[PDB]
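Single chain ahead, by itself, as structure tokens, in the form deposited in one PDB entry.
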């Protein structure tokens, strides 16, 4: 269909290894964004079938969403915090390059992104 398979969320052949930055990404960054009143469009992959968005996956090269990021963090999928930060950035980029600038979805992305960037400015060493 219009929708790709969702990104992989677990890695069965990697060690379990935390870093205090990965702990912060889950317990501070993701948890704060997840509970935000504007999170809901970003809590799962964009369902281009159900939302009737035939151009979405033509335009977006790297699908990403916070449900995938949440599962990745819970499964210790990321080897390092920069991989996770990259996924958040991708998610926001996708929204900004696809959607019309004055739309609610973009207003919502911006509020989430400000919060994200403020928490990343406080990323522990």
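We call the rigid core the largest set of C-alpha positions that still match within 1.5 Å between the two forms. Residue numbers count along the first chain shown, from 1.
Just so it is clear, the following notes concern the form deposited in another entry, a form of the same protein that is not shown.
In the core-superposed comparison between the shown form and the other one, the C-alpha atom of residue 101 has shifted by less than 2 angstroms. Once the rigid core is used as the reference frame, the Cα position of residue 114 differs between the shown form and the other one by less than 2 Å. Once both forms are overlaid on the rigid core, the distance between the two CA positions of residue 11 between the shown form and the other one is 2 angstroms or more.
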